[PDB]
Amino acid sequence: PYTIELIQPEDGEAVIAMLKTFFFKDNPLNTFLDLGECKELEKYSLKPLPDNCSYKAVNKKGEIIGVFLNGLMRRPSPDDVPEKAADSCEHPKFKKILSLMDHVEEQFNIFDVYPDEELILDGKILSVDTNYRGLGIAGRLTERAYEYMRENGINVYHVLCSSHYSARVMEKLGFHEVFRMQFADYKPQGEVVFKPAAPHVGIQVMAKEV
């Protein structure tokens, strides 16, 4: 028995404690790189909270057993020159992840798919405690975001998935692929950066219109 609740920035420490236990260790990219201590990922994870559209799953004892951290994303201004997130990162391993994200954004702009949309919901970090996996918590976290979307006239939910494993969960929830890139094809300086196990395949950007 669990609740799905809005995350408050005062929940930050508890959210980070949970992420350090699971996501930091078991996201396919993190575990491949052996991420270790990563204050930059902590910073990254806390950033979307004040947008007031991130959700926690909480068990009967009051412990966080899942999160979906979401932020609002706005269409680039006409005069915008994009910034690389990787430029402001000192952590070498996390910088590789940010560089991959920058590369995806350089190759694919979600706002090109949806020319009429000014604001899109961006699902940034999804993580469920191992002992509570396979119970539909990911879906219930996602469903709470649909409520926020309805309340605010947002039509598109965008989620970058770092493995085919997680893309499949989003597919079950009614998302569809809008962009993909195999890890084997990601060669920013001529050589492969990421080679997790074969079933992960690569990144998939998933979208749903609600």
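Residue numbers here begin at 1 and follow the sequence given.
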property	result
Of 42 to 50 and 172 to 180, the stretch whose C-alpha atoms average the higher B-factor in the entry	42 to 50
Of 81 to 89 and 116 to 124, the one with larger mean CA B-factor	81 to 89
Top residue by Cα temperature factor, when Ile7, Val205, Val210, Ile4 are compared in the entry	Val210
CA B-factor ranking of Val201, expressed as a third of its chain	middle
For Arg144, the third of its chain into which the C-alpha B factor falls	middle
Lowest, middle or highest third - CA B-factor, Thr130	lowest
Assigned third (lowest, middle, highest) for the C-alpha B factor of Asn70	lowest
Chain thirds of CA B-factor: placement of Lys187	highest
